[PDB]
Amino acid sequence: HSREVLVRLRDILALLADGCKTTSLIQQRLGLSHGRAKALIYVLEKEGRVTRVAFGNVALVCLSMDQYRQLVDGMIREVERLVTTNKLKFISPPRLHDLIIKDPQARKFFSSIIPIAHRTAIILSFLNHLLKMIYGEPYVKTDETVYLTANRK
C-alpha cells in the first residue's frame, strides 16, 4: 500500500486491539473523513482482519466475532450494574443514556466504543438496540421506548 494507506490500516488495527469501535469513533480518533474510514475498513474486511457487525443503525468494527461477544458481555454487565445500583423496574434509552454519562466507569467504557457525550438520535438508537437485546421487546413502544427489567433475557 501507499504510505498513507499503510499507516492508516495499521492505526485502525491498533485502535481496535483494545475493543470493538464504531466507524464514527474510528473517524474521530484518527482524524479521518467518513469516506476514508469506510474505505479503509472495507480493505481490512476484504483482508479478513476485521468484521463489521450491525448494531441497530450503527456498525461495530471488530477484530473477530469473539471480540464482539466480549464487547456485548461488557455492555450488558454495565447496563445491568446501572439497573441494579438504581433498583430500576423499567428503563428507556434516554434514562440509560443519562445513567451512563453520570457514572464515570460506564461513561469511560461506552465512550471507548461510540461517541456518547451528547444525547443524539444515533446514540438513542444504539442504546435502544442494546436494551432490546437484554430485555426483549419493549412494553411501551411509541415515543420513548420503555423496557421492563423483569423481562431480562
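Numbers for residues come from their place in the sequence shown, where the first is 1.
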Which has the higher mean CA temperature factor in the PDB entry, 51 to 59 or 100 to 108? 51 to 59
Tertile call for residue 11 (CA temperature factor, within chain, third-based) is the middle
Comparing residue 117 with the other modelled residues of its chain, is its CA B-factor in the lowest, middle or highest third? highest
Would you please rank residue 34 by its C-alpha temperature factor against the other modelled residues of its chain and give the third it falls in: lowest, middle or highest? highest
Determine, from the deposited record, the chain-internal third of the Cα B-factor for residue 95: lowest, middle or highest. middle
Which third, lowest, middle or highest, does the C-alpha temperature factor of residue 130 belong to within its own chain? lowest
